[PDB]
Amino acid sequence: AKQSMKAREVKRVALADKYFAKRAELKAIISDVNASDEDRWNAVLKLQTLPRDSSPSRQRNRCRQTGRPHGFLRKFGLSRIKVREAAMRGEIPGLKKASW
Amino acid sequence: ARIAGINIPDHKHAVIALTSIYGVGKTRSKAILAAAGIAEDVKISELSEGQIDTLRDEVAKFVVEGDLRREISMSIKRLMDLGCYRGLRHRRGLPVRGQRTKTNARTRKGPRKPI
Amino acid sequence: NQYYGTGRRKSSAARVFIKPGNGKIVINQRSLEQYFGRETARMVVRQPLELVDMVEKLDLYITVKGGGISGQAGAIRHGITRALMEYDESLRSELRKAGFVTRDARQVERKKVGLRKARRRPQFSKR
Amino acid sequence: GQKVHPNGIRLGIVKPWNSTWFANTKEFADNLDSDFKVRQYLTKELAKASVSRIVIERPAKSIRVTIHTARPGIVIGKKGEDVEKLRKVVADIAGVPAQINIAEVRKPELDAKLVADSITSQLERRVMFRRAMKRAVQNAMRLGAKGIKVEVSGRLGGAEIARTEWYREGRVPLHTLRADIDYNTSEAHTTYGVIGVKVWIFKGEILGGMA
Amino acid sequence: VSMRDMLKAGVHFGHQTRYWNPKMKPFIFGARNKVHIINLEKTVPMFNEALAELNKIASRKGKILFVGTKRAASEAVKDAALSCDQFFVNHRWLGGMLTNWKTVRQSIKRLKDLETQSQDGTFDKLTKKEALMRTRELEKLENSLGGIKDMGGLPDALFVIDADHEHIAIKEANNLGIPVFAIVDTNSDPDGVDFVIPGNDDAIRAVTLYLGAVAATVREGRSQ
Amino acid sequence: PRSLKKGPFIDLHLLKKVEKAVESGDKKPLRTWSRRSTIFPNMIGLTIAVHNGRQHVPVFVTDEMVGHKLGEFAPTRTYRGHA
Amino acid sequence: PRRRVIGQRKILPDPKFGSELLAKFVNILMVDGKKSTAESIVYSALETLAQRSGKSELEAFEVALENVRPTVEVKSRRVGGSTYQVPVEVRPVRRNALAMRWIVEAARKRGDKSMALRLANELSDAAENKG
Amino acid sequence: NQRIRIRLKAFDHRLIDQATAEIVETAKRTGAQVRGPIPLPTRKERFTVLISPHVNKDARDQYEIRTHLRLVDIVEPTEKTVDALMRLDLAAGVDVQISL
RNA sequence: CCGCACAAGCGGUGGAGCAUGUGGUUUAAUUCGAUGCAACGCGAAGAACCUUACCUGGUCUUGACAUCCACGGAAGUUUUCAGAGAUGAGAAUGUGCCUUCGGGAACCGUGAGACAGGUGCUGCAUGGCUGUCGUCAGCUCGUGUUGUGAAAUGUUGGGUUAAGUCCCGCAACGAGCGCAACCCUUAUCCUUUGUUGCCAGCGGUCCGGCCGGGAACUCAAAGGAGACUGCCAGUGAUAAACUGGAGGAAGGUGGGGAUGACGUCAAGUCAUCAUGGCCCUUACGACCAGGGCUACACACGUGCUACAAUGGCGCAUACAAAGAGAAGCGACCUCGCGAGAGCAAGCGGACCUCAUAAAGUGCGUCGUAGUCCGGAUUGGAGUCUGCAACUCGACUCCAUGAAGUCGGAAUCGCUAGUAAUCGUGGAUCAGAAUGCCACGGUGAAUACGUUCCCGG
RNA sequence: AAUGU
RNA sequence: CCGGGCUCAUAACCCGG
Ligand SMILES: [Mg+2]
Ligand SMILES: [Mg+2]
Ligand SMILES: [Mg+2]
Ligand SMILES: [Mg+2]
Ligand SMILES: [Mg+2]
Ligand SMILES: [Mg+2]
Ligand SMILES: [Mg+2]
Ligand SMILES: [Mg+2]
Ligand SMILES: [Mg+2]
Ligand SMILES: [Mg+2]
Ligand SMILES: [Mg+2]
Ligand SMILES: [Mg+2]
Ligand SMILES: [Mg+2]
Ligand SMILES: [Mg+2]
Ligand SMILES: [Mg+2]
Ligand SMILES: [Mg+2]
Ligand SMILES: [Mg+2]
Ligand SMILES: [Mg+2]
Ligand SMILES: [Mg+2]
Ligand SMILES: [Mg+2]
Ligand SMILES: [Mg+2]
Ligand SMILES: [Mg+2]
Ligand SMILES: [Mg+2]
Ligand SMILES: [Mg+2]
Ligand SMILES: [Mg+2]
Ligand SMILES: [Mg+2]
Ligand SMILES: [Mg+2]
Ligand SMILES: [Mg+2]
Ligand SMILES: [Mg+2]
Ligand SMILES: [Mg+2]
Ligand SMILES: [Zn+2]
């Protein structure tokens, strides 16, 4: 994963963190059943205005170590390529081959 | 019995013989039989003409058969006049709601022919 | 006195609390016929008594749990056989010779890497 | 045929998990990451130490670290001077009070990793690899009275075509679970390309399992 | 030993006539019925002088070795050796026993070691299967090494029941220049023997005469 | 499609551009990229140059297409027959 | 198997009667382990045959089986190094097995409306030895 | 009456046995009534990733984590008992929870 | 001599439709990689945007990413205008912190270079990791040997195994790596700890282990016993071995798992990562919006649902296993034909939720048919996530009802709790399981045997 | 079935 | 004639239109 990839990701996450409350509040507004049509309309209009990356979805759960954008484990924050090694160093505490 | 136009429901259980009416799926059939207060099971036979006639009235409320298709054609012609993605694939005999065109398209494209 | 035995088949467990009685059959506080939809399992479970032809003289207070209809039936039988010889030793020789006594051990396979099933494999491509 | 890691096979009873702290799923990934960061920092600090192994510990909301090296003094520092230089930053990355512990390796020839690191160093210093393997296995057989296996792989001798070679002495029942093998590997930089190393040291047919 | 003793001992018997064995037409009294007849009159001097040499050998502290693979003398060889505490091979001559004594020493070590553990009895610590295996193995070793384990080194001379049945041992020993005292029967070759007793090599009585005279001589010379 | 509760969608810059154009009576074709923009009645009788990944395709708004996208009338791919 | 000999697997006798033969019939007839339905069908066709012909369900069934049991086979075996279609004798167990398999094939091919019906008619044919 | 309840989590059954030993003895000496630690069913999490880089797609290997559980409850515990339990500190691999 | 290599069984592929992968063709672009077996539901454990490496346009040139110098400002917060956006232009704003009192640390901007940057090349320069023979029973060394030597011998021959397993004979003697074993799981019995788990026997109960009680029973997890050819027979060279019998929960490797002996394919991976060496520096680097990765005359691979009475449809009613839950899982109650909406308890979870298993079974109905079969396609209209479902999402209702009635040549798999058949979970993950990995329930036939295959 | 790295 | 089969190929032969 090229450095530029990672720069993008870090910037994205930081910025997404920035606007979290604003966006959640406006979402609450928009979804509200009884809310004024005009207020809903204005809220929707404004939401466009926020930075596109702000949305949490645009992220990608890359492997922490290699940053490989596939075979990622949340339980470990790493690509599959690494967990085998780290597991077999016995460093992963209590991690052992499963033979049941 | 002749019903809902020149259609003849065969003498099977009233509900299904009634589904025989094009534009009438099982839902509508069950609905009509309920409305008439007529046991769905009954054959088309053994019904006093008046029951048949109230059924005729009932089906009257539908959009059915020739007008149904007429509307379908109007919708599709309307769609076809547009020049959009959907209309173009409609006029090209191609999947229109987004299935792969590489393979598995016979029912729309038709039997395989040589290249 | 109280006579007890435990039974296990497939993945099922059965408690057989059984006492000198009248042969009444209580399974989960239910009639045997109400328990198993067909006599089949009833036929199967009754057999151990059948050998002794002493089918009439115990009171059966019974549990079975887990697995399915058939494994459960088998567990019921196993527990009954044990609890019976557990009740009386001297019957044991005829019981084992009569082939009642063993415990079945067969069980299932796990699904495995590269297999759709225990012993089935994807299509091979002919070459 | 390609092999399974000796440590992994022996990990369940014979080989200790270099880490054994507890965590929920919640902390787990970052606990691992902190262990990774610290150890890499430690390795640079401990490279002179050439410590055989490092365990990271998380007693009571606080971390702890133990290090095994060939020389206690090198890693520690006079009057315990340098150790604290490490303790500062390790407590920092750990985000928690940290403390260092040092266990001396008493027979460095008997450490797979140490042997490998030495071999690799000499390789990078253009010592003939074959001589290196010879003398290393020599020491090992002299001292341990127990089998040893060794291997090297790469553009041996700077040849235009790569190859690998290995050497064995004594018993090395890798297959047996009871047998315990000190396994490790290493890296030996080359003016052209890369050279790898791997080691297996049998020490004694265990009786008594993990205990 | 009288010649009459040799005749009574059947020393004069002969092997069936053999094609292309004309090496020894001389030194035979005669032949008939495919029985070659040995010249015992030669035996008396050859025998007595072999004993004369052996007496000195034993007086040297000479380590004799007795090799027997003709089963009829397997017991006798051991008995004569043990009569002078000398070493013996009643068993097969597994080969290499001299030429790679370098190798054999290790086997000697392991025999000693298993003996030591038997005296420890620590086999019982192991699984019964393994312990019975250990006993089996130790016996298997003792079956052959028992008659030689004690010498600690190469003997001083070989005694051969039959230049033929003991062939391989002679072949080996010649490489070291070890003297060979051997019985040569008709259809058997002295070519490899140092000291020879002309006599039948497949009669127990002849074996007995040889071995008795030999053992008496070795005992006296050893005991001076 | 979009939940009814959610209401319609149009891209704000585009809405501003169209409101301004209609007010001015400028009536020149509108460059855009907002395919996702939904067609509204107020934009009837107007013209829009919809980007298609390569080029902005001219399109004449009419009541019929109201409620459609703008990208629906600006094909992206191409195909002229294998043979 | 190539190397060495093997036996065969034992199965339950039917609780209703105890005719292992019937056990094998239900087994060979069963599909997808649906033994309950199979035995239901078997009993139905059994009765509707015996009670329309013969004295006793089991006895009628047996004699019917008999009436079709073969004795010889031709399936080739490479005894002479080639695929000779040498006719050799058939094992009584194998005789029964083939009989059952055949009769069930016939009932399968007999018709659409009742499996129980098809079967009973097949076995009526067998007992009468014109089928 | 006052009820104190204790649960324990770690990756090694033996370790947890010994910890409990400490937990019970320390409460026994102090004289509080002690409930013998109650064994409980353990969880085991399982995983597997492709063990091979690039194209070869078979050979994923699996691993498992087993987390053992033990529970102790104290009734009418002595205050000294309570603080004594508080005094005990468990090994780093051990995780402890206490509740009243 | 051996093993799904044939034979005897069971049931599929190959035709129908669709899903998915791939060849070709096409396009501005349809990013790159994997190839008989051993590529082709493969990398990818999840392409709307991001992802994303390509196309198109708009942009930057010490730079998106790091240090180093100088220089200027706390940081940051709120907000307007242009632009599709990237960006540009402004406004107020902050106005701080440690300060030895010098400033410094903070951060931020600009300038100077040194450098930064590559998913750019080479798997035939490499390391690491992986496929393949093949869980195939083999593979070698020391000493010795004898042979002039080149060597072979060991490792062959006689019995016996799953096996270089073992016995016996034996110029060879002995050793190591494979084999077996030490490990998990699974089967019978015991000790020990009893809530959130247990209820045989007590007492009460609205009958709800509901609660009093109970530690029996089941069960939970730690530690123990348990199978050895040990026993009887027989047989065999007394050998080893083999056949039967008892005993026993379990009998001869009880079953299953892991574990892959030396090495072959200059097999694959420079795109996880590492790197020799080699190419590019206002660009082969970087930023922005939309487009593509899903096209569509054709060929191929893997699969899902089928062509029906063992079945179709309606009503009622039995019995499982294992997993996952804190921005989580989410009850009860209300709203809706429905996808869902609203309100909100509990549970970090033997306690609460996901979440009522489906096959089975009582009653009824359907009468062989393009069907009450099959279900695609198409129209209309809805729910949800998401900034945002035009290209291109899943899901709900009405209506529409293809092909298809067992499928050539040819070909795949399986020996028991297996095949087949029927449900459950989890991971990647906002949203997207006919793929992938586990879990139960129900549950068989066949095996003469080694002659033709096939690879050893 | 002939020729083929 | 074309397209599918047969091989590790390219033929022979084989299948489908
Ligand atoms: Mg995403
Ligand atoms: Mg319909
Ligand atoms: Mg009661
Ligand atoms: Mg329940
Ligand atoms: Mg696959
Ligand atoms: Mg299943
Ligand atoms: Mg493996
Ligand atoms: Mg076959
Ligand atoms: Mg390549
Ligand atoms: Mg603007
Ligand atoms: Mg600058
Ligand atoms: Mg290669
Ligand atoms: Mg190549
Ligand atoms: Mg050899
Ligand atoms: Mg084998
Ligand atoms: Mg108790
Ligand atoms: Mg004999
Ligand atoms: Mg015997
Ligand atoms: Mg027995
Ligand atoms: Mg055994
Ligand atoms: Mg093994
Ligand atoms: Mg973009
Ligand atoms: Mg693609
Ligand atoms: Mg239907
Ligand atoms: Mg969900
Ligand atoms: Mg049709
Ligand atoms: Mg719609
Ligand atoms: Mg199915
Ligand atoms: Mg599923
Ligand atoms: Mg999930
Ligand atoms: Zn003689």
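We place every Cβ from the backbone using ideal geometry, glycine too, and count neighbours over all the protein chains shown. Values in this text are rule-based calculations from the coordinates and carry no lab data.
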If a residue has to be more than 10 Å from every other protein chain (Cβ to nearest Cβ) and not aliphatic (A, V, I, L, M) to count, how many in region H:45-56 make the cut?
-> 2
Residue ID - nearest to RNA strand I (Cβ to nearest atom), chosen from residues in region C:98-127 that are over 24 Å from H:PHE47 (Cα atoms) and surrounded by 10 or more Cβ atoms within 10 Å (Cβ to Cβ) | C:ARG103
If we keep only residues of region A:45-67 that are more than 30 Å from F:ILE10 (Cβ to Cβ) and crowded, with 16+ Cβ neighbours inside 10 Å, then the residue farthest from ligand 31 (Cβ to nearest atom) is A:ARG62
Is at least one residue of region G:94-107 within 13 Å of RNA strand I (Cβ to nearest atom), over 24 Å from G:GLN8 (Cβ atoms) and out of contact with any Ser or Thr (no Cβ under 6 Å at 6 or more places or on another chain)?
-> yes
Among the residues of region D:153-171, is there at least one that is under 16 Å from the mean Cα position of the chain (by Cα) and at negative phi?
-> no
Just for region B:1-20: of the residues that are within 12 Å of B:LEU55 (Cα to Cα) and within 16 Å of ligand 2 (Cβ to nearest atom), which one is surrounded by the most Cβ atoms within 10 Å (Cβ to Cβ)?
-> B:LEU18
Restricting the search to region A:1-30, which residues are of a type in the set (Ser, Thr, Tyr) and closer than 17 Å to A:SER57 by Cβ?
-> A:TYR19
Residue match in region A:57-77 (condition: in contact with a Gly (Cβ under 6 Å, 6 or more places away or on another chain) and within 13 Å of chain H (Cβ to nearest Cβ)) = no
Among residues of region H:1-17 being over 16 Å from H:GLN97 (Cα atoms) and either under 15 Å from the mean Cα position of the chain (by Cα) or surrounded by 15 or more Cβ atoms within 10 Å (Cβ to Cβ) (or both), the residue farthest from the other protein chains (Cβ to nearest Cβ) is H:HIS13
Only one residue in G:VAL42, G:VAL86 is hydrophobic (A, V, I, L, M, F, W, C), surrounded by fewer than 17 Cβ atoms within 10 Å (Cβ to Cβ) and either within 14 Å of another protein chain (Cβ to nearest Cβ) or more than 23 Å from G:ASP14 (Cα to Cα) (or both). Which one?
-> G:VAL86
Could you say whether any residue in region H:21-39 is part of a strand (DSSP E or B), within 12 Å of chain A (Cβ to nearest Cβ), in contact with a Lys or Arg (Cβ under 7 Å, 6 or more places away or on another chain) and loosely packed, with under 15 Cβ neighbours inside 10 Å?
-> no
Complete set of residues in region D:168-186 that are within 13 Å of D:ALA112 (Cα to Cα) and assigned to a strand (DSSP E or B) = D:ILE181, D:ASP182, D:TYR183, D:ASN184, D:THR185, D:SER186
Does region B:81-97 contain at least one residue that is outside any loop (DSSP other than H, G, I, E, B), under 18 Å from the mean Cα position of the chain (by Cα), away from ligand 5 (no atom under 16 Å from the Cβ) and not aromatic (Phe, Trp, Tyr)?
-> no
Kindly provide the set of residues from region D:128-167 that are part of a loop (DSSP other than H, G, I, E, B) and either over 16 Å from D:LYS107 (Cα atoms) or out of contact with any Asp or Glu (no Cβ under 8 Å at 6 or more places or on another chain) (or both), ordered by number.
-> D:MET128, D:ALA145, D:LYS146, D:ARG155, D:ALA159, D:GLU160, D:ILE161, D:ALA162
Members of region A:17-44 that are within 11 Å of chain F (Cβ to nearest Cβ) and surrounded by 11 or more Cβ atoms within 10 Å (Cβ to Cβ) = A:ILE30, A:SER31, A:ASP32, A:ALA35, A:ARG40, A:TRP41, A:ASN42, A:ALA43, A:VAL44
H:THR42 fails exactly one of the following numbered conditions: (1) more than 14 Å from chain A (Cβ to nearest Cβ); (2) touching a residue at least 24 places away in the same chain (Cβ under 8 Å). What is the number of that condition?
-> (1)
Do any residues in region C:113-127 that are within 20 Å of H:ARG60 (Cα to Cα) and away from ligand 7 (no atom under 16 Å from the Cβ) have Cβ atoms under 8 Å from those of residues that are among the aliphatic types (A, V, I, L, M) and in a loop (DSSP other than H, G, I, E, B), where the two are at least six apart or on different chains, and which pairs are they?
-> C:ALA118/C:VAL108; C:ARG121/C:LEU115
What's the number of the condition F:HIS13 fails, among (1) outside any loop (DSSP other than H, G, I, E, B); (2) within 14 Å of chain B (Cβ to nearest Cβ)?
-> (2)
Filter region E:83-109 for residues that are touching a helix residue (DSSP H, G or I) at 6+ places or on another chain (Cβ under 7 Å), of a type in the set (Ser, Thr, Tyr) and closer than 16 Å to E:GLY152 by Cα and give the result.
-> E:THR99, E:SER107
Of all strands (runs of 3 or more DSSP E) completely enclosed by region D:16-117, which ones contain at least 2 residues that are within 14 Å of chain H (Cβ to nearest Cβ) and free of Cβ contacts under 8 Å to residues at least 40 places away in the same chain?
-> D:53-57, D:64-69
